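Enquirer: Take a look at the following structure, please.
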Amino acid sequence: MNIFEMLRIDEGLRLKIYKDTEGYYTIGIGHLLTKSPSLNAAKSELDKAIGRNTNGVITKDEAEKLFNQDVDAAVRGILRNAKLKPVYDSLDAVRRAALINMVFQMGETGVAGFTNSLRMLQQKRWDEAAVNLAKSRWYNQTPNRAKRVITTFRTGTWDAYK
Ligand SMILES: [Cl-]
Ligand SMILES: [Cl-]
């Protein structure tokens with residue numbers, strides 16, 4: 001298991017524009033197009049992202065290309081962020097993937113807001129971080145995914161994904 005396989009499980013793959021759990025236009029492997037209520041605004045973000053006139057449909061190669069870019073971007077946002085970078089550097093390889101997963105889902109700003117959990121993660125207080133992570137809109141809105149990510153931080157193994 002790795003970050004790509006982990007996010008593919010959590011995000012799924014859809015080749016036509018769809019609404020995510022929050023109701024936002026999305027495509028591929030959780031690639032958010034726009035928070036705007038307009039399907040035309042989504043189609044236009046999609047064409048610009050892909051570089052061709054898509055009419056709301058992309059191929060598997062194209063979905064995987066956006067995915068690679070988004071994972072790369074999530075990693076780069078962690079490393080550029082003063083709050084996230086030291087947590088990431090402190091973590092083993094498996095828990096690093098859990099942090100990337102969170103950033104991919106909710107953005108670097110959203111994750112940097114988990115100040116108390118991040119401190120507990122840095123201190124390697126795994127059971128306590130797991131309890132604090134669960135006290136969140138994140139956990140209450142997407143509990144099955146959040147539980148898999150929290151388990152990964154708690155145990156440092158891929159058991160929630162096998
Ligand atoms: Cl893009
Ligand atoms: Cl979920």
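Each chain in the structure tokens gets a letter, A, B and so on, in the order shown; residues start at 1 in every chain, and ligands are counted from 1 in the order they appear.
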Using only C-alpha atoms and all ligand atoms, which residues of chain A come within 12 Å of ligand 2, and what is the closest atom pair for each, with the distance in Å to one decimal? Give it as a tab-separated table, sorted by chain and residue number.
Expert:
```
residue	atom	partner	partner_atom_place_in_ligand_line	distance
A:9	CA	ligand 2	1 (Cl)	10.9
A:10	CA	ligand 2	1 (Cl)	7.8
A:11	CA	ligand 2	1 (Cl)	9.4
A:12	CA	ligand 2	1 (Cl)	11.5
A:20	CA	ligand 2	1 (Cl)	11.2
A:21	CA	ligand 2	1 (Cl)	8.6
A:22	CA	ligand 2	1 (Cl)	11.5
A:105	CA	ligand 2	1 (Cl)	11.2
A:137	CA	ligand 2	1 (Cl)	11.9
A:138	CA	ligand 2	1 (Cl)	9.2
A:139	CA	ligand 2	1 (Cl)	8.2
A:140	CA	ligand 2	1 (Cl)	9.0
A:141	CA	ligand 2	1 (Cl)	7.2
A:142	CA	ligand 2	1 (Cl)	3.6
A:143	CA	ligand 2	1 (Cl)	4.8
A:144	CA	ligand 2	1 (Cl)	3.9
A:145	CA	ligand 2	1 (Cl)	3.9
A:146	CA	ligand 2	1 (Cl)	6.3
A:147	CA	ligand 2	1 (Cl)	8.0
A:148	CA	ligand 2	1 (Cl)	8.8
A:149	CA	ligand 2	1 (Cl)	10.2
A:150	CA	ligand 2	1 (Cl)	12.0
```
Enquirer: To check your reading of the model: which residues sit at most 9 Å from ligand 1 when counting only C-alpha atoms and all ligand atoms? Write the answer as a ChimeraX atom specification.
Expert: /A:31-33,45-46,48-50,66,69-70
Enquirer: Please, what distance in Å, to one decimal, runs between atom CA of residue A:28 and atom CA of residue A:44?
Expert: 15.4 Å
Enquirer: Going by DSSP on the backbone, which bits of stretch 34-136 of chain A are helix (DSSP H, G or I)? Write them as a PyMOL selection string, please.
Expert: chain A and resi 39-50+60-80+85-90+93-112+115-123+126-134
Enquirer: Quick one: residues within 9 Å of residue A:68, only C-alpha atoms, excluding same-chain residues fewer than 5 positions away - as a PyMOL selection string?
Expert: chain A and resi 4+63+73
Enquirer: Take the residues that were just selected and, keeping N, CA and C atoms, output them as a CSV table (one decimal), in the first residue's frame.
Expert:
```
chain,number,residue,atom,x,y,z
A,4,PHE,N,-0.9,6.7,-3.1
A,4,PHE,CA,-1.7,6.6,-4.3
A,4,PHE,C,-2.9,5.6,-4.1
A,63,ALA,N,-7.5,11.2,-15.8
A,63,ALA,CA,-7.9,11.2,-14.3
A,63,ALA,C,-6.7,10.9,-13.5
A,73,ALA,N,1.0,18.2,-5.4
A,73,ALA,CA,0.6,19.5,-4.8
A,73,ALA,C,0.4,19.4,-3.3
```
Enquirer: Do a neighbour search on residue A:158 at 8 Å with only C-alpha atoms, toss out local chain neighbours closer than 5 positions, and write the hits as number ranges by chain.
Expert: A: 1, 94, 152
Enquirer: Give me the residues within 8 Å of residue A:117 as a list in words, counting only C-alpha atoms and dropping any in the same chain fewer than 3 places off.
Expert: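 Here the qualifying residues turn out to be residues 114, 120, 121, 129, 130, 132 and 133 of chain A.
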Enquirer: Looking at only C-alpha atoms, which of A:131, A:15, A:74, A:6 is the one that sits closest to residue A:109?
Expert: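 Using only C-alpha atoms, residue A:109 sits closest to A:74.
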Enquirer: Just give me the gap between atom CA of residue A:58 and atom CA of residue A:37 in Å, one decimal is fine.
Expert: 20.5 Å
Enquirer: Any idea what's packed within 12 Å of residue A:123, counting only C-alpha atoms, ignoring anything in its chain fewer than 5 positions away? Could you give it as a VMD selection string?
Expert: chain A and resid 86 to 88 90 to 91 116 to 118 128 to 129
Enquirer: Please give the complete set of residues from chain A that DSSP, run on the backbone, assigns to strand (DSSP E), formatted as a list in words.
Expert: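 Answer for chain A restricted to strand (DSSP E) is residues 14, 15, 16, 17, 18, 19, 25, 26, 27, 28, 31, 32, 33 and 34 of chain A.
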Enquirer: Just to be explicit: take each residue in the selection above, keep N, CA, C and O atoms, and write the result as a PDB file, in the first residue's frame.
Expert:
```pdb
ATOM      1  N   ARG A  14     -14.241   8.404 -10.867  1.00  0.00           N
ATOM      2  CA  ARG A  14     -15.355   8.687 -11.754  1.00  0.00           C
ATOM      3  C   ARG A  14     -14.892   9.571 -12.897  1.00  0.00           C
ATOM      4  O   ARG A  14     -14.224  10.588 -12.682  1.00  0.00           O
ATOM      5  N   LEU A  15     -15.263   9.164 -14.111  1.00  0.00           N
ATOM      6  CA  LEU A  15     -14.780   9.761 -15.340  1.00  0.00           C
ATOM      7  C   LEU A  15     -15.702  10.853 -15.879  1.00  0.00           C
ATOM      8  O   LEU A  15     -15.407  11.470 -16.916  1.00  0.00           O
ATOM      9  N   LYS A  16     -16.807  11.091 -15.182  1.00  0.00           N
ATOM     10  CA  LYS A  16     -17.726  12.146 -15.555  1.00  0.00           C
ATOM     11  C   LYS A  16     -17.900  13.071 -14.348  1.00  0.00           C
ATOM     12  O   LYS A  16     -17.786  12.621 -13.213  1.00  0.00           O
ATOM     13  N   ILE A  17     -18.135  14.355 -14.589  1.00  0.00           N
ATOM     14  CA  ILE A  17     -18.290  15.320 -13.510  1.00  0.00           C
ATOM     15  C   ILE A  17     -19.347  14.822 -12.501  1.00  0.00           C
ATOM     16  O   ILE A  17     -20.454  14.400 -12.900  1.00  0.00           O
ATOM     17  N   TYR A  18     -19.012  14.898 -11.206  1.00  0.00           N
ATOM     18  CA  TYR A  18     -19.940  14.476 -10.153  1.00  0.00           C
ATOM     19  C   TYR A  18     -19.869  15.436  -8.996  1.00  0.00           C
ATOM     20  O   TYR A  18     -18.978  16.285  -8.956  1.00  0.00           O
ATOM     21  N   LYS A  19     -20.809  15.336  -8.070  1.00  0.00           N
ATOM     22  CA  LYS A  19     -20.754  16.153  -6.865  1.00  0.00           C
ATOM     23  C   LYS A  19     -20.135  15.365  -5.740  1.00  0.00           C
ATOM     24  O   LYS A  19     -20.453  14.176  -5.563  1.00  0.00           O
ATOM     25  N   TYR A  25     -18.680  20.248  -7.500  1.00  0.00           N
ATOM     26  CA  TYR A  25     -18.292  19.604  -8.739  1.00  0.00           C
ATOM     27  C   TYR A  25     -16.848  19.130  -8.669  1.00  0.00           C
ATOM     28  O   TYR A  25     -15.935  19.904  -8.336  1.00  0.00           O
ATOM     29  N   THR A  26     -16.700  17.851  -9.001  1.00  0.00           N
ATOM     30  CA  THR A  26     -15.478  17.097  -8.860  1.00  0.00           C
ATOM     31  C   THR A  26     -15.400  16.131 -10.050  1.00  0.00           C
ATOM     32  O   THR A  26     -16.413  15.856 -10.696  1.00  0.00           O
ATOM     33  N   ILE A  27     -14.195  15.646 -10.362  1.00  0.00           N
ATOM     34  CA  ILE A  27     -14.008  14.627 -11.396  1.00  0.00           C
ATOM     35  C   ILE A  27     -12.794  13.742 -11.030  1.00  0.00           C
ATOM     36  O   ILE A  27     -11.958  14.135 -10.217  1.00  0.00           O
ATOM     37  N   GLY A  28     -12.689  12.569 -11.624  1.00  0.00           N
ATOM     38  CA  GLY A  28     -11.454  11.772 -11.504  1.00  0.00           C
ATOM     39  C   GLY A  28     -11.372  11.152 -10.137  1.00  0.00           C
ATOM     40  O   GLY A  28     -12.348  10.583  -9.638  1.00  0.00           O
ATOM     41  N   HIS A  31     -10.733  15.046  -7.741  1.00  0.00           N
ATOM     42  CA  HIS A  31     -10.190  16.339  -8.187  1.00  0.00           C
ATOM     43  C   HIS A  31     -11.295  17.404  -8.184  1.00  0.00           C
ATOM     44  O   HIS A  31     -12.149  17.426  -9.083  1.00  0.00           O
ATOM     45  N   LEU A  32     -11.248  18.298  -7.199  1.00  0.00           N
ATOM     46  CA  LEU A  32     -12.250  19.350  -7.066  1.00  0.00           C
ATOM     47  C   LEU A  32     -12.129  20.348  -8.229  1.00  0.00           C
ATOM     48  O   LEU A  32     -11.055  20.863  -8.482  1.00  0.00           O
ATOM     49  N   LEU A  33     -13.222  20.598  -8.928  1.00  0.00           N
ATOM     50  CA  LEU A  33     -13.211  21.552 -10.020  1.00  0.00           C
ATOM     51  C   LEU A  33     -13.472  22.972  -9.543  1.00  0.00           C
ATOM     52  O   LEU A  33     -12.701  23.879  -9.839  1.00  0.00           O
ATOM     53  N   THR A  34     -14.578  23.147  -8.823  1.00  0.00           N
ATOM     54  CA  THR A  34     -15.048  24.453  -8.381  1.00  0.00           C
ATOM     55  C   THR A  34     -16.071  24.269  -7.284  1.00  0.00           C
ATOM     56  O   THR A  34     -16.810  23.270  -7.259  1.00  0.00           O
TER      57      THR A  34
END
```
Enquirer: Would you mind listing what lies within 12 Å of residue A:2 as JSON, numbers by chain, with only C-alpha atoms counted and same-chain residues fewer than 2 positions away left out?
Expert: {"A": [4, 5, 6, 7, 8, 9, 71, 93, 94, 95, 96, 97, 98, 100, 101, 152, 157, 158, 161, 162]}
Enquirer: When you draw a straight line from atom CA of residue A:126 to atom CA of residue A:153, how long is it in Å?
Expert: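 Those two atoms sit 6.6 Å apart.
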